[PDB]
């Protein structure tokens, strides 16, 4: 089964201002591993067009998906709920889902912060390319169960080192996996 944003979402993400981005996220359950595929298109606001000559300190930003005990996406997530659902064709089923615990990042594999620092294994790094250009790398750092105010979380951090000048922030796609809660 597949839980996703659909493959051609309208703006569904809010980073710096309402609906400034399109997060494409597809989660396919392969038993105890989730096979995940992600990309980002920023459509407006601070992160839309990167110019590090004019703004040298814009180098990193973060998108959080926060879930309750039923695996339902919380309102204060950067990702919006309306088009986050189980798939039907190239869209979603009409009714909002009530349960998706089998898609949640495993809390024993990836515990919440505690007196223990989270191990690095709770993170996956990938390198993506802005505008599909081989000389425009950026890094997607995905962390499982980092966040407060939720039962489960997936956090996507986007960062880069190069001094980009008028580069539109729209990325290639990256596949990863993680251990499912059940």
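We call the rigid core whatever largest set of C-alpha positions still superposes within 1.5 Å between the two forms. Residue numbers count along the first chain shown, from 1.
In summary, of the stretches 109 to 117 and 65 to 73, 109 to 117 shows the greater Cα distance from the shown form in 8 other deposited structures of this protein, with structures fitted on the rigid core. Between 137 to 145 and 118 to 126, greater CA displacement relative to the shown form is found for 118 to 126 when the structures in 8 other deposited structures of this protein are fitted on the core.
Set 143 to 151 against 118 to 126 and average the Cα temperature factors; 143 to 151 ends up higher. For the pair 34 to 42 and 132 to 140, the mean B factor over Cα atoms is greater in 132 to 140. Per the deposited coordinates, the residue with the largest Cα temperature factor out of 10, 171, 17, 24 is 17. When the modelled residues of the chain are ordered by their C-alpha B factor, residue 50 lands in the highest third. Remark: residue 83 belongs to the middle third of its chain, ranked by C-alpha B-factor as recorded. Placement of the Cα temperature factor of residue 177 within the chain: lowest third of the modelled residues, per the deposited record. When the modelled residues of the chain are ordered by their C-alpha B factor, residue 62 lands in the middle third. Among the modelled residues of its chain, residue 6 has a C-alpha B-factor that falls in the middle third according to the deposited record.
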